[PDB]
Amino acid sequence: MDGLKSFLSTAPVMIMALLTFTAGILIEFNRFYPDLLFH
Amino acid sequence: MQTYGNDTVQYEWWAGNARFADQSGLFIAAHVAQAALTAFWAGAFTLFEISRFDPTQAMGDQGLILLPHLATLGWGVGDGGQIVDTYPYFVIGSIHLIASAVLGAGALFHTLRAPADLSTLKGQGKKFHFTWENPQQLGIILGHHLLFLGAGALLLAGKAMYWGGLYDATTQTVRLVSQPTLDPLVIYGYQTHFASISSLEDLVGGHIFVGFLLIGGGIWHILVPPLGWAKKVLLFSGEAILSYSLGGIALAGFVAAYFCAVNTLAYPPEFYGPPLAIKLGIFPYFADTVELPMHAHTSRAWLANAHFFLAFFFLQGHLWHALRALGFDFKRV
Amino acid sequence: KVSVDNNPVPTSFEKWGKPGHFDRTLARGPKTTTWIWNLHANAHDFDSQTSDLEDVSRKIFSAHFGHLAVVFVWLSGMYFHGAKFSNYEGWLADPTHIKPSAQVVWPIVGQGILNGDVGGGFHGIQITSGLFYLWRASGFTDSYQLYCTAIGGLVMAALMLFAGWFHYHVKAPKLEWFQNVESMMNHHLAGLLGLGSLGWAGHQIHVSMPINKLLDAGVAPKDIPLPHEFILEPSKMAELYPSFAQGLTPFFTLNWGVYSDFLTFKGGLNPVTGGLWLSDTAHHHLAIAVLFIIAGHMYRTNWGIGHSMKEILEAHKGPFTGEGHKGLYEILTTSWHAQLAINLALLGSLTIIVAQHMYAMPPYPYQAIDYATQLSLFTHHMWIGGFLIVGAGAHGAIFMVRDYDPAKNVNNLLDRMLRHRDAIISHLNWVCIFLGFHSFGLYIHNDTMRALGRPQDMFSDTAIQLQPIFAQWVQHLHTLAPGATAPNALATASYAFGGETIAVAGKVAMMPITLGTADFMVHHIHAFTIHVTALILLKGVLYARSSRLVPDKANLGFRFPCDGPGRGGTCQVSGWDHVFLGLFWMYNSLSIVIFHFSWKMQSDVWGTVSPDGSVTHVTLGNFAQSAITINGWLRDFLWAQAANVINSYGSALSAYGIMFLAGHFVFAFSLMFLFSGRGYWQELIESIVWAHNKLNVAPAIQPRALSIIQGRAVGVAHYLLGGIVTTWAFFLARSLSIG
Amino acid sequence: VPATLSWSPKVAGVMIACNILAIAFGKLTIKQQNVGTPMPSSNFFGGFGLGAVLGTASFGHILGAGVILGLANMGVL
Ligand code: CLA
Ligand code: CLA
Ligand SMILES: CCCCCCCCCCCCO[C@@H]1O[C@H](CO)[C@@H](O[C@H]2O[C@H](CO)[C@@H](O)[C@H](O)[C@H]2O)[C@H](O)[C@H]1O
Ligand SMILES: CC1=C(C/C=C(\C)CCC[C@H](C)CCC[C@H](C)CCCC(C)C)C(=O)c2ccccc2C1=O
């Protein structure tokens, strides 16, 4: 389980975790508030 | 088991059932498992054929072999094979399933709890030990088995006379049979027309005679040991008593294939189909007199052809085992 | 025969958190960014990871189970999307009016415009995989039936994942189990392909044929009987096919002509659907199963009868060929790379054969009139078979570098191939220059003659003719085949050879494909470009070990950049670099193959059908006058038919317009990696490393430019990603628009 | 359609003769006739094992299927 924590903390898994979380923010921001060309 | 001069023979796996022939405890466990498997087939395929039963279509042209057997006894049929109740077929087929489960348990009991030899046990389990050498113990086994076989013929007649009543082909109505036959001279005459019986009361009185002869035969084997002349002319070994029984069950299967194919009373045409004619190509097969839709044959044909081919190979199995008992090696040729 | 080792590798996550543990030079952790790239390139190089052949074979066996689990999850996803997010029940009612769709996009940022009107009120991505036509041929009626296949696909993937863990960590087979190739070929011909063909013939006879015969009759899909109802009640099966009343008795008694109502050699296509007759395909799969089970009894096993493949090969010697095939059995039971080179060559050849057979003999209902499905299925199976052919030249060269033992290769077929490499390659060099001059220079000649206003001096059917007379004769023999050389065939094997034009929805299913001067020239273009792709990859295999330039390339490896700038320059001498160059030439070969397919189908096959029987084609027969000239390929194919991919913006096909420009970008992006080189980029990175050292943000993992092989590998990956995504978007937007 | 006939002793006679012709072919040509599982009796089989008995009877059924359907197509049977 300790080595599974290391695999889940590797560079490909963490950048796939972050970019999913980042796309999770941007999709959910553009679903409730779409079409934001300016402020 | 005839192991000739070697007397300690490893039997491998393709002939692996010869290992327990001298082991009395494992001899019970195989045979009760056979009685479990036989009662399971009587239980499952009664309920299988209840589910695959159309009451509009006749039972003969459906591939059903167990429901016509109960219909001849008088269960589930009112007048003409329409089958209006079909609940006592379920109850009889259900009882054999639990009876297979009890016999399935006693097979696993004698495999594991009881030892491979019954001489290890003390009490009445020691007295049930048998070997293929002492003649008195094998007559004790033969005595009680003839008593229950005689009781089965009596409880057939007790069903046929008091509670229930069989089915007659002519004047199609379940009977009660209050006056069966009892004369020995009219029951001796069926050595020439056993297949062409048409009296329901004569079938009961024959079974009264058989159910009393086998009870008297079982009393005779339980009070008298096998005699000297029977010991001289018959080998008492393992696959020699099996050899007489394989030939005994082959002659019974040839008669049962003959009674199924042509008798109209014990196998009524409303349940099984029309009676057959004895044909002979390369083998004596029983053919249908009238044609049937598709390649499906009637229930009487499916019973008589199967039982003749089973009685042929159980006659060949008798010839195989009796040659093994007499001393033919089968590696000599 | 069955010999396994009990628990050779423990199951733990210790090596999960230690990447690069499989390689000795990567277990020390990173020092440069080359470590990250070498981690991925060496991950599946099991022969380089392990010296023991037994442990290499154990890694390969469990990797298949993991790969099969990927395929079942992909197969489960296709059946789940057909069950939950598809108009399959809508399409099954009206196949001629509802378009197949099985992908629904989420409505965000304007991408919900891709959910176009596919008919029946459904909105989604119009699929071109042909899954709907496959499922109608399988007898799929309800969406619950596709859901049950999708659940069982996930169950099979979990059993594939369990078998990979079991056969590596619990009971891993020994090397002698892997090297029993006679038992493996017996169980794969008879048990895998034979029983799979027998099972599918059993499925087609019982499920596919009764459902599709009622679907063609006009029964609504809600009123089709269920597949087990034919199994349970044979009255419905006997109503459709009266031979089922006779049962299995005509099968066992060799009275096989009873079954001729559902086991037909009918040929042609079903006029209701445009697909093959499922009576033909069930009889095809029955005959294939019997021959495959028979062929799976050929090889010697525990019971003495059979063939030893060593004794077959060592018997096949000759006067021209020395010791013959002696030692090829020891090659093909020791080297996994030699086996993979044969299997990739033939699976790649098979996938191309699948592409060329499914357009002209369409096996699925309503597939032939779906011009998008016909174009995509040809193109996808062309491209898949193209990569696998290049991988044959790859692992042929990996075997020659690594697993070629000259001690057991003396005067055999492989040794003698090596002993006349200059004879093979230079004659293959000659035939490529000959075919390039005599196919492409034919195109250059009449491009010039048409530009000079000399149409009489061209290579065309109006001018100097180059008729494909041998292919026209073979086409004529197949038209005359029913009744003369196939007397029990009622129709032809394919209408592409000649005869009837099949119409289904007022739309051409299959038409005679007439081969003229333009079909002569493009077939020699295909003969040219396949030969060059054969030339580069056979030069990679033969000269993997040595050449007159670098005589010790076997010590350098399979995958090395060069042997320096000396001897004039030994740039791209490795066996890997011929795979790198062969990937371009496979792309160049197969792009013309699918462009020949796309134009000849639309100009001369596909189109609408007049009620009197006339055919109005998609591009109105412009192949015979414009596919003889490069400009006609530019104008009447590339410029004309990509109007649908560039005017698709603001419509449901606009993602094809996006992906058309997306593949144009990555093709151009590849030329940064292909044309440049890493000594430029390493000197640029160390200037950027200075700006990171200025801000104290220089990483401990030192930034390096990609290696020379990698810069070729990235460049060939982006070229073939970009060039194929362009053609995929061009083909799919054009063929969805037409019809 | 090619002509096929129902089962008959004529059909059985050709099949047994095709089994016999492959048994004689298998006696002459099989290199390993007794390797692996043997017969219960080695005699009356030419020294064949279980693989050679099943191998020759399968070839005689393949030849049995090929000849019978070939002769029924030509109308000989
Ligand atoms: C009441 C029945 C009976 C009894 C108790 C015995 C007892 C014995 N027999 Mg057998 N024998 C009999 C009947 C009987 N047999 C019959 C009917 C045949 C003629 C075919 C023979 C012929 C025979 C031979 C050929 C041999 C024996 C052998 C044996 C011994 C080993 C058992 C064995 O091999 O099992 C193991 C069981 C199997 C490996 C299973 C085999 C399955 C068969 C081949 C398939 C049959 C399927 C059937 C056709 C389907 C029926 C369908 C249904 C609807 C009717 C055992 C002591 C052996 C012996 O004497 O040496 C010790 C020996 O080699 N017997
Ligand atoms: C526009 C594309 C282009 C052209 C024309 C060439 C040309 C050539 N390639 Mg190719 N190739 C290309 C792109 C191109 N390549 C790219 C993108 C790659 C990098 C991956 C490669 C990599 C490469 C490899 C890896 C291989 C080739 C080989 C060849 C030759 C093919 C056989 C041959 O001689 O055909 C005949 C020549 C032609 C078709 C060229 C056109 C000639 C015209 C029709 C005749 C002109 C007449 C002339 C001008 C009259 C003289 C008058 C005077 C005033 C000049 C040929 C010299 C192969 C080879 O050498 O095989 C033997 C081979 O090994 N190519
Ligand atoms: C005995 C040994 C024989 C060796 C055989 C070697 C191959 C010989 C090839 C013979 C070539 C036949 O010659 C060629 O025949 C075909 C079809 O028959 C004709 O082709 C004709 O039908 C085809 C369709 O099938 C049309 O596409 C074509 O436009 C038309 O002309 C050609 O006009 C003729 O040039
Ligand atoms: C641009 C270029 C470089 C520089 C390229 C480098 C250093 C690689 C840059 C990689 C970046 C950091 C990421 C690239 C994209 C990732 C592979 C995507 C990963 C997925 C993300 C979502 C995380 C070379 O090193 C080179 C070498 C030899 C010939 C040509 C060239 C060449 O053209």
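Header says: electron microscopy, 2.6 Å.
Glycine residues also receive a Cβ, built from the backbone N, Cα and C atoms like all the rest.
The feature transmembrane segment is assigned by Swiss-Prot to B:25-45 (among others), with sequence analysis given as support. Here the transmembrane segment (B:25-45) has long-range neighbours at 17, 65-66, 93-97, 99-101, 103-104, 106-111, 114-118, 120, 130, meaning same-chain residues at least 6 beyond its ends whose C-beta is under 8 angstroms from one of its own.
Under the heading transmembrane segment, Swiss-Prot lists B:89-109 (among others).
Positions annotated as transmembrane segment by Swiss-Prot: B:138-158 (among others).
Taken from Swiss-Prot, the feature transmembrane segment applies to B:208-228 (among others), supported by sequence analysis. Sequence-distant contacts of the transmembrane segment (B:208-228) (same chain, at least 6 residues past either end, Cβ-Cβ under 8 Å): 135-136, 138-140, 142-147, 149-154, 156-157, 180, 182, 184, 187, 236.
Taken from Swiss-Prot, the feature transmembrane segment applies to B:240-260 (among others). When Cβ-Cβ distances below 8 Å are used as the criterion, the transmembrane segment (B:240-260) is approached by residues 2, 132, 138, 194-195, 234, 266-267, 272, 286, 300, 303-305, 307-308, 310-312, 314-315, 317-318, 321-322, 324-325 of the same chain, each at least six residues removed from its ends.
The annotation transmembrane segment is assigned in Swiss-Prot to B:303-323 (among others).
Within the chain carrying the transmembrane segment (B:89-109), a Cβ under 8 angstroms from the stretch's Cβ atoms is held by residues 29-30, 32-33, 35-37, 39-40, 42-44, 46-47, 50, 66-67, 70, 75-76, all 6 or more beyond its ends.
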